[PDB]
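What's in upload_3.txt: compact mmCIF, C-alpha atoms
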```
# COMPACT_ATOMS: atom_id res chain seq x y z
CA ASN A 1 45.01 -71.92 28.32
CA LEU A 2 48.41 -72.49 26.71
CA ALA A 3 50.27 -70.54 29.41
CA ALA A 4 48.37 -72.21 32.28
CA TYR A 5 48.33 -76.01 32.19
CA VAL A 6 52.11 -76.59 32.15
CA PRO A 7 52.76 -74.49 35.31
CA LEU A 8 49.75 -76.17 36.91
CA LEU A 9 51.21 -79.58 36.03
CA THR A 10 54.74 -78.96 37.27
CA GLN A 11 54.35 -77.25 40.61
CA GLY A 12 53.65 -80.46 42.54
CA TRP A 13 56.97 -82.00 41.47
CA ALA A 14 59.66 -82.07 44.14
CA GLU A 15 62.70 -83.89 45.47
CA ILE A 16 63.30 -84.67 49.12
CA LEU A 17 66.96 -85.51 49.76
CA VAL A 18 67.91 -86.57 53.28
CA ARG A 19 71.64 -86.26 53.91
CA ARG A 20 72.51 -88.46 56.88
CA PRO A 21 75.70 -89.72 58.54
CA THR A 22 75.56 -92.88 56.41
CA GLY A 23 74.56 -91.37 53.07
CA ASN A 24 71.92 -89.55 51.05
CA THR A 25 68.46 -90.86 50.14
CA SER A 26 66.17 -89.01 47.79
CA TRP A 27 62.87 -89.49 46.01
CA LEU A 28 61.49 -87.48 43.18
CA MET A 29 58.01 -86.59 44.42
CA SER A 30 54.74 -85.56 42.80
CA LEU A 31 51.73 -84.38 44.81
CA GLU A 32 48.41 -86.13 44.41
CA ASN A 33 46.72 -83.00 45.76
CA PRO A 34 45.39 -80.90 42.86
CA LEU A 35 45.40 -77.13 42.97
CA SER A 36 42.33 -75.80 44.73
CA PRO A 37 39.81 -74.20 42.33
CA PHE A 38 38.60 -72.10 45.27
CA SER A 39 41.94 -70.67 46.35
CA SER A 40 44.38 -70.68 43.40
CA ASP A 41 44.92 -67.60 41.24
CA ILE A 42 41.51 -66.28 40.19
CA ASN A 43 42.48 -65.35 36.64
CA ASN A 44 41.61 -68.73 35.08
CA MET A 45 41.06 -72.29 36.38
CA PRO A 46 40.71 -74.81 33.54
CA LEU A 47 40.29 -78.53 34.23
CA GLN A 48 42.99 -79.47 31.70
CA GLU A 49 45.13 -80.57 34.66
CA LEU A 50 42.72 -83.44 35.22
CA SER A 51 42.62 -83.92 31.45
CA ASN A 52 46.39 -84.68 31.62
CA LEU B 1 37.01 -94.19 59.41
CA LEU B 2 39.31 -91.16 59.69
CA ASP B 3 39.42 -90.95 55.90
CA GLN B 4 35.64 -90.78 56.08
CA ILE B 5 35.79 -87.80 58.46
CA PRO B 6 35.99 -85.02 55.85
CA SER B 7 38.86 -82.56 55.66
CA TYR B 8 36.29 -79.73 55.58
CA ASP B 9 33.17 -78.66 57.46
CA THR B 10 30.21 -80.36 55.79
CA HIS B 11 26.87 -78.54 55.95
CA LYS B 12 23.47 -79.70 54.67
CA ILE B 13 20.93 -76.91 54.17
CA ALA B 14 17.30 -77.52 53.29
CA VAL B 15 15.64 -75.34 50.65
CA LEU B 16 11.86 -74.99 50.51
CA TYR B 17 9.55 -73.24 48.05
CA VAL B 18 6.24 -72.09 49.51
CA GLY B 19 3.53 -71.37 46.96
CA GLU B 20 0.30 -69.48 47.46
CA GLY B 21 -1.54 -70.53 50.59
CA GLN B 22 1.01 -73.16 51.61
CA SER B 23 2.32 -71.17 54.56
CA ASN B 24 0.85 -73.71 57.01
CA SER B 25 0.82 -76.93 54.95
CA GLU B 26 3.94 -79.08 55.27
CA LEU B 27 2.61 -81.64 52.80
CA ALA B 28 1.94 -78.88 50.27
CA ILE B 29 5.41 -77.35 50.62
CA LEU B 30 7.01 -80.76 50.21
CA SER B 31 4.70 -81.60 47.32
CA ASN B 32 6.16 -78.73 45.30
CA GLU B 33 7.82 -79.84 42.08
CA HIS B 34 8.12 -76.46 40.34
CA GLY B 35 8.78 -72.94 41.55
CA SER B 36 8.38 -69.36 40.48
CA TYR B 37 10.91 -68.12 37.95
CA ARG B 38 12.58 -66.02 40.63
CA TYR B 39 12.87 -69.13 42.81
CA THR B 40 14.42 -71.11 39.96
CA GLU B 41 16.96 -68.34 39.39
CA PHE B 42 17.58 -68.16 43.14
CA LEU B 43 18.44 -71.85 43.18
CA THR B 44 20.96 -71.43 40.38
CA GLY B 45 23.02 -69.10 42.58
CA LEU B 46 23.32 -71.42 45.57
CA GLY B 47 26.33 -73.33 44.22
CA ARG B 48 27.49 -75.71 41.54
CA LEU B 49 24.71 -77.74 39.97
CA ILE B 50 25.96 -81.31 40.42
CA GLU B 51 24.33 -84.28 38.71
CA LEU B 52 24.01 -86.91 41.42
CA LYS B 53 24.73 -89.96 39.27
CA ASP B 54 28.19 -88.51 38.55
CA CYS B 55 28.95 -87.71 42.19
CA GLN B 56 31.11 -89.61 44.67
CA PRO B 57 29.86 -88.87 48.21
CA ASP B 58 33.37 -89.22 49.67
CA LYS B 59 34.60 -86.43 47.34
CA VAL B 60 31.52 -84.19 46.99
CA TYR B 61 29.29 -83.96 50.05
CA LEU B 62 25.79 -85.12 49.12
CA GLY B 63 24.46 -85.04 52.67
CA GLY B 64 22.63 -88.33 52.19
CA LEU B 65 21.23 -87.74 48.72
CA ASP B 66 21.36 -90.96 46.75
CA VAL B 67 23.51 -91.25 43.64
CA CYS B 68 21.00 -93.68 42.12
CA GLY B 69 18.54 -90.87 41.40
CA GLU C 1 -18.42 -68.19 39.53
CA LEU C 2 -15.34 -66.04 38.94
CA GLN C 3 -13.73 -67.85 41.87
CA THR C 4 -14.38 -71.07 39.95
CA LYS C 5 -12.75 -69.45 36.93
CA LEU C 6 -9.80 -68.41 39.11
CA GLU C 7 -9.32 -71.95 40.41
CA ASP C 8 -9.58 -73.30 36.86
CA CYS C 9 -6.91 -70.87 35.69
CA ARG C 10 -4.77 -71.72 38.71
CA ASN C 11 -5.00 -75.40 37.80
CA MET C 12 -3.97 -74.48 34.26
CA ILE C 13 -1.07 -72.40 35.59
CA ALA C 14 0.01 -75.27 37.83
CA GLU C 15 0.13 -77.62 34.86
CA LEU C 16 1.95 -74.97 32.82
CA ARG C 17 4.54 -74.68 35.58
CA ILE C 18 4.84 -78.47 35.70
CA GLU C 19 5.56 -78.24 31.97
CA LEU C 20 8.08 -75.47 32.71
CA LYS C 21 9.77 -77.70 35.27
CA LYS C 22 9.87 -80.52 32.73
CA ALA C 23 11.31 -78.22 30.07
CA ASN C 24 13.89 -76.65 32.38
CA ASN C 25 14.94 -80.05 33.73
CA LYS C 26 15.41 -81.28 30.17
CA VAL C 27 17.38 -78.11 29.46
CA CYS C 28 19.63 -78.79 32.45
CA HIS C 29 20.03 -82.47 31.54
CA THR C 30 20.94 -81.86 27.90
CA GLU C 31 23.13 -78.91 28.87
CA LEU C 32 25.13 -81.21 31.12
CA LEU C 33 25.18 -83.79 28.32
CA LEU C 34 26.59 -81.27 25.84
CA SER C 35 29.04 -80.01 28.46
CA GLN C 36 30.25 -83.59 28.84
CA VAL C 37 30.48 -83.87 25.05
CA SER C 38 32.54 -80.68 24.84
CA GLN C 39 34.85 -81.87 27.61
CA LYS C 40 35.18 -85.22 25.84
CA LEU C 41 36.09 -83.57 22.54
CA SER C 42 38.70 -81.28 24.08
CA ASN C 43 40.15 -84.15 26.11
CA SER C 44 40.24 -86.32 22.98
CA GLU C 45 42.24 -83.76 21.02
CA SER C 46 44.67 -83.29 23.91
CA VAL C 47 44.92 -87.07 24.38
CA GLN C 48 45.72 -87.67 20.72
CA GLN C 49 48.56 -85.16 20.80
CA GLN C 50 49.77 -86.55 24.15
CA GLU D 1 -15.22 -59.86 44.68
CA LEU D 2 -12.22 -57.53 44.96
CA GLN D 3 -9.83 -60.32 45.94
CA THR D 4 -11.22 -62.77 43.39
CA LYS D 5 -11.08 -60.41 40.42
CA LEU D 6 -7.70 -58.96 41.43
CA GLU D 7 -6.06 -62.35 41.87
CA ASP D 8 -7.67 -63.60 38.66
CA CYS D 9 -6.25 -60.53 36.93
CA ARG D 10 -2.85 -61.34 38.42
CA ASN D 11 -3.02 -64.95 37.22
CA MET D 12 -4.51 -64.49 33.76
CA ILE D 13 -2.68 -61.27 32.84
CA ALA D 14 0.74 -61.64 34.51
CA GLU D 15 1.29 -65.30 35.39
CA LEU D 16 -0.36 -66.95 32.38
CA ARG D 17 1.33 -64.65 29.87
CA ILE D 18 4.72 -64.99 31.58
CA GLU D 19 4.27 -68.76 31.45
CA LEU D 20 3.52 -68.56 27.73
CA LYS D 21 6.76 -66.60 27.30
CA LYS D 22 8.49 -69.28 29.38
CA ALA D 23 7.13 -71.94 27.03
CA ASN D 24 8.73 -69.87 24.28
CA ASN D 25 11.94 -70.05 26.32
CA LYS D 26 11.40 -73.82 26.52
CA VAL D 27 11.30 -74.14 22.75
CA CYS D 28 14.29 -71.78 22.52
CA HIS D 29 16.52 -74.02 24.62
CA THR D 30 15.04 -77.11 22.96
CA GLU D 31 16.20 -75.63 19.64
CA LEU D 32 19.58 -75.04 21.29
CA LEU D 33 19.75 -78.76 22.08
CA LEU D 34 18.46 -79.85 18.67
CA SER D 35 21.12 -77.74 16.93
CA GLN D 36 23.95 -78.48 19.38
CA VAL D 37 23.61 -82.27 19.08
CA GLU D 38 37.19 -93.42 20.19
CA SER D 39 38.62 -95.63 22.94
CA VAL D 40 42.10 -94.13 22.44
CA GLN D 41 42.44 -93.70 26.21
CA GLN D 42 43.02 -97.44 26.61
CA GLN D 43 45.97 -97.49 24.21
CA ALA E 1 -1.25 -40.22 61.58
CA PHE E 2 2.20 -41.46 60.62
CA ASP E 3 1.43 -44.75 62.35
CA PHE E 4 -1.41 -45.29 59.92
CA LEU E 5 0.17 -43.82 56.78
CA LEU E 6 3.45 -45.72 57.06
CA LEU E 7 1.44 -48.95 56.79
CA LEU E 8 0.56 -48.09 53.18
CA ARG E 9 1.92 -50.76 50.80
CA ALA E 10 1.74 -51.59 47.09
CA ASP E 11 2.22 -54.55 44.74
CA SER E 12 3.87 -55.21 41.38
CA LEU E 13 0.86 -53.82 39.51
CA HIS E 14 1.09 -50.74 41.80
CA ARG E 15 -2.18 -51.29 43.68
CA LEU E 16 -2.11 -49.68 47.11
CA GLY E 17 -3.04 -51.54 50.25
CA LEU E 18 -3.49 -51.00 53.98
CA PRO E 19 -3.95 -53.49 56.82
CA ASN E 20 -7.58 -54.31 57.54
CA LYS E 21 -9.19 -54.63 60.98
CA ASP E 22 -7.38 -57.96 61.40
CA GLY E 23 -4.04 -56.43 60.41
CA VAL E 24 -4.01 -58.13 56.99
CA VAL E 25 -3.31 -55.95 53.96
CA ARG E 26 -5.76 -55.80 51.06
CA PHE E 27 -4.82 -54.18 47.76
CA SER E 28 -7.27 -51.84 46.06
CA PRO E 29 -8.30 -52.26 42.40
CA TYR E 30 -8.96 -48.51 42.22
CA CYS E 31 -6.03 -46.78 43.98
CA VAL E 32 -2.48 -47.03 42.65
CA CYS E 33 0.84 -45.65 43.87
CA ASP E 34 1.55 -44.20 40.39
CA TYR E 35 2.12 -40.43 40.53
CA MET E 36 -0.25 -39.10 37.88
CA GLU E 37 1.28 -35.95 36.40
CA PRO E 38 -1.21 -33.21 35.41
CA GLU E 39 1.57 -31.13 33.79
CA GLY E 40 -17.54 -46.14 26.91
CA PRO E 41 -14.38 -45.09 28.76
CA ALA E 42 -13.37 -47.52 31.48
CA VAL E 43 -13.10 -46.88 35.22
CA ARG E 44 -10.55 -44.18 36.04
CA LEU E 45 -8.16 -45.18 38.80
CA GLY E 46 -7.14 -42.75 41.50
```

If you took the structure in this file and wrote it as structure tokens, what would it be?
Amino acid sequence: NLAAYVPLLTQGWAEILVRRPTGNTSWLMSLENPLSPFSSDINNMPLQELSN
Amino acid sequence: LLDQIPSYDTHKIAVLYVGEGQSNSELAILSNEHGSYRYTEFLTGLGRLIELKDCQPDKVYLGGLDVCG
Amino acid sequence: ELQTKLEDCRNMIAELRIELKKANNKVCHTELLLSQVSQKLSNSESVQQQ
Amino acid sequence: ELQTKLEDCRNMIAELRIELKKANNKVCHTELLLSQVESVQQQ
Amino acid sequence: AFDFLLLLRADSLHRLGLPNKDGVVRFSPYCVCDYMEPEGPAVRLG
């Protein structure tokens, strides 16, 4: 599982940066939606994401 | 209330085991506590076995089954 | 008379299958308990390192 | 007579013996349990 | 002849059965679907 949980953990992290006439606003983001056990890659789906 | 409308199609399917001679006895079908070994193994393939006292009905559809047991 | 024997044996088989349901339900219950214990142990190791 | 003795044969010879083997399976998984058998998350 | 023969059935102990006058199958304790190969003592099944 060593090669799995880190990529599972990271891929909800994002930044939305809105450049506008008056400046830039941005938020680092992190999805609350977990990866779907029913539709992710079918090789291996450990629950270590929820463990972390 | 919208949050309580699920994001997925919920279905509730009854499952009945009919023993010998119970083909016309509702009370006997519903009285069944055990089943043939093939029926037990058939149940195991229907889905995840979820212990109700660990379930949250907003997250896992229980269809009206009580968490209290 | 053999019908009486058959009904007696069917009663015995019904109680045996009640015992089978009891045994299999205990198997399921303790299997979920040990699954929870295994999850707890793995989570505990990961949590200590974290 | 045919139905009675045939169904009694089915019960006593197939069902009863299979149930005895299933009681053996019961003790097998009971042995599994009997052989298979802290708040750091707060901090 | 097919219409009758095709109604022949058998069970897990191989006993053959046909529908009775009411259309309900009964299984015989003396006839089995087991192909016997020709290539005191109890009752000999057919």

Closest atom pairs, residues of chain B within 10 Å of chain C, all atoms listed in the file, as a tab-separated table:
```
residue	atom	partner	partner_atom	distance
B:32	CA	C:18	CA	9.7
B:33	CA	C:18	CA	7.2
B:34	CA	C:21	CA	5.5
B:35	CA	C:17	CA	7.5
B:36	CA	C:17	CA	8.2
B:37	CA	C:17	CA	9.4
B:40	CA	C:21	CA	9.3
B:49	CA	C:28	CA	9.1
B:50	CA	C:32	CA	9.3
B:51	CA	C:32	CA	8.2
```

Please, could you write that set of residues out with C-alpha atoms as a PDB file, keeping the file's coordinate frame?
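Output below, filename out21.pdb:
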```pdb
ATOM      1  CA  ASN B  32       6.160 -78.730  45.300  1.00  0.00           C
ATOM      2  CA  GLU B  33       7.820 -79.840  42.080  1.00  0.00           C
ATOM      3  CA  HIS B  34       8.120 -76.460  40.340  1.00  0.00           C
ATOM      4  CA  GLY B  35       8.780 -72.940  41.550  1.00  0.00           C
ATOM      5  CA  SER B  36       8.380 -69.360  40.480  1.00  0.00           C
ATOM      6  CA  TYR B  37      10.910 -68.120  37.950  1.00  0.00           C
ATOM      7  CA  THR B  40      14.420 -71.110  39.960  1.00  0.00           C
ATOM      8  CA  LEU B  49      24.710 -77.740  39.970  1.00  0.00           C
ATOM      9  CA  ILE B  50      25.960 -81.310  40.420  1.00  0.00           C
ATOM     10  CA  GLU B  51      24.330 -84.280  38.710  1.00  0.00           C
TER      11      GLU B  51
END
```

Residues of chain D within 8 Å of chain C, using only C-alpha atoms, as JSON, numbers by chain? {"D": [4, 5, 7, 8, 11, 12, 15, 16, 19, 22, 23, 26, 29, 30, 33, 36, 37, 40, 41]}

Counting all atoms listed in the file, which residues have an atom no more than 10 Å from (-5.6, -51.8, 56.3) in the file's coordinates? Please list them as a VMD selection string. chain E and resid 4 to 5 7 to 9 17 to 27

From CA of residue 44 in chain E to CA of residue 15 in chain E the spacing works out at 13.4 Å

Residues within 9 Å of (21.6, -81.2, 55.5), file coordinates, counting only C-alpha atoms: what are they? Give the list as number ranges by chain. B: 10-14, 62-64

Got a minute to add N, CA, C and O atoms to range 6-21 of chain E and dump it as a CSV table (one decimal), in the coordinates of the input?
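Once written, result28.csv looks like this:
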```
chain,number,residue,atom,x,y,z
E,6,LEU,N,2.3,-44.9,57.3
E,6,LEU,CA,3.4,-45.7,57.1
E,6,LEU,C,3.1,-47.2,56.8
E,6,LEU,O,4.0,-47.9,56.4
E,7,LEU,N,1.9,-47.6,57.1
E,7,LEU,CA,1.4,-49.0,56.8
E,7,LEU,C,0.9,-49.1,55.4
E,7,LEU,O,0.4,-50.2,55.0
E,8,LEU,N,0.9,-48.0,54.6
E,8,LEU,CA,0.6,-48.1,53.2
E,8,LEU,C,1.6,-48.9,52.4
E,8,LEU,O,2.8,-48.7,52.5
E,9,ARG,N,1.1,-49.9,51.6
E,9,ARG,CA,1.9,-50.8,50.8
E,9,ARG,C,1.4,-50.8,49.4
E,9,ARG,O,0.3,-50.3,49.1
E,10,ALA,N,2.2,-51.4,48.5
E,10,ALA,CA,1.7,-51.6,47.1
E,10,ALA,C,2.4,-52.9,46.5
E,10,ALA,O,3.3,-53.4,47.1
E,11,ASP,N,1.8,-53.3,45.4
E,11,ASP,CA,2.2,-54.6,44.7
E,11,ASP,C,2.8,-54.3,43.4
E,11,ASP,O,2.9,-53.1,42.9
E,12,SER,N,3.2,-55.3,42.6
E,12,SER,CA,3.9,-55.2,41.4
E,12,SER,C,3.0,-54.6,40.3
E,12,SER,O,3.6,-54.1,39.3
E,13,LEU,N,1.7,-54.6,40.4
E,13,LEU,CA,0.9,-53.8,39.5
E,13,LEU,C,0.4,-52.5,40.1
E,13,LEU,O,-0.6,-51.9,39.7
E,14,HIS,N,1.1,-52.1,41.2
E,14,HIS,CA,1.1,-50.7,41.8
E,14,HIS,C,-0.1,-50.5,42.7
E,14,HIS,O,-0.3,-49.4,43.1
E,15,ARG,N,-1.0,-51.5,42.9
E,15,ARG,CA,-2.2,-51.3,43.7
E,15,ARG,C,-1.9,-51.1,45.2
E,15,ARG,O,-1.2,-51.9,45.8
E,16,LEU,N,-2.4,-50.0,45.7
E,16,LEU,CA,-2.1,-49.7,47.1
E,16,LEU,C,-2.9,-50.5,48.1
E,16,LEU,O,-4.1,-50.9,47.8
E,17,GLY,N,-2.4,-50.7,49.3
E,17,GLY,CA,-3.0,-51.5,50.2
E,17,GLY,C,-2.7,-51.1,51.6
E,17,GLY,O,-1.6,-50.6,51.9
E,18,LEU,N,-3.6,-51.3,52.6
E,18,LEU,CA,-3.5,-51.0,54.0
E,18,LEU,C,-4.0,-52.2,54.8
E,18,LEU,O,-4.8,-53.0,54.3
E,19,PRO,N,-3.4,-52.4,56.0
E,19,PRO,CA,-4.0,-53.5,56.8
E,19,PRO,C,-5.4,-53.3,57.2
E,19,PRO,O,-5.9,-52.2,57.4
E,20,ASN,N,-6.2,-54.4,57.2
E,20,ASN,CA,-7.6,-54.3,57.5
E,20,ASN,C,-7.7,-54.4,59.1
E,20,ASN,O,-6.7,-54.3,59.8
E,21,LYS,N,-9.0,-54.6,59.5
E,21,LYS,CA,-9.2,-54.6,61.0
E,21,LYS,C,-8.4,-55.8,61.6
E,21,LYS,O,-8.1,-55.7,62.8
```
